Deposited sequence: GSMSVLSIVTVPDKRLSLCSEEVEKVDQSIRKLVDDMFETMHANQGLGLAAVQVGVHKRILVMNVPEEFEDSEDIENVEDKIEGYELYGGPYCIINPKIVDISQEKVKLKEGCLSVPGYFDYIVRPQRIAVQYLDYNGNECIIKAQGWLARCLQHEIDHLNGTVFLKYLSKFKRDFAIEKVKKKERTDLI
């Protein structure tokens, strides 16, 4: 299991929608394994396949301990072909960063709770009922699968400032 390079803004791969996984087979499991290693090496709570250059609907999460039926933390989760099955109308503001926008943090308003159907590492059907930071991570990761980085939720001026910040740090 190996550490993959993270794709960072403004790389256009990050704005491309990822495709459903046809079949959860050995090759998918190998990628998931590399995703977990990469997530850990980067001190992340989650990671989407697109962030390592693969446009497939696969994300991993692990949210450490620090509504009945919902989880505040947990993992490791392998979440393939996620489908949102319930989502709270109540929303909360929390601070986020992203491995694809290194060093930049800002506030984002999202639903507090979410339920998602998915296929696991073995290709079995599952539901996750998440709240708190678990729900927050899951939504951030699902957005990546749809070609969305969290800067999309900010003013244009701040989004541009964040992208210029990352560009300046990567200029050769």
Lining up the deposited sequence with the coordinates, I want the ranges that have no C-alpha atoms. 1-2, 69-81, 188-190
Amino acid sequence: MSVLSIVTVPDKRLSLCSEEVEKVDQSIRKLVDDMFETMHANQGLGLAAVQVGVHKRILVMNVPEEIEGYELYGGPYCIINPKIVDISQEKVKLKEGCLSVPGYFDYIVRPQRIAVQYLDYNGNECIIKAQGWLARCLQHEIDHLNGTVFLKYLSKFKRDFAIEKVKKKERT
From here on, numbers count along this sequence of modelled residues.
Comparing 150-158 with 11-19, which stretch shows the greater average C-alpha B-factor in the deposited entry? 11-19
So 104-112 or 31-39, which one's hotter by mean CA B-factor in the entry? 31-39
If you check the C-alpha B-factor for each of 132, 69, 123, 46 in the entry, which is highest? 69
Considering every modelled residue of the chain and its Cα B-factor in the PDB entry, is residue 26 in the lowest, middle or highest third? highest
Split into thirds by Cα B-factor across the chain's modelled residues, where does residue 81 land: lowest, middle or highest? lowest
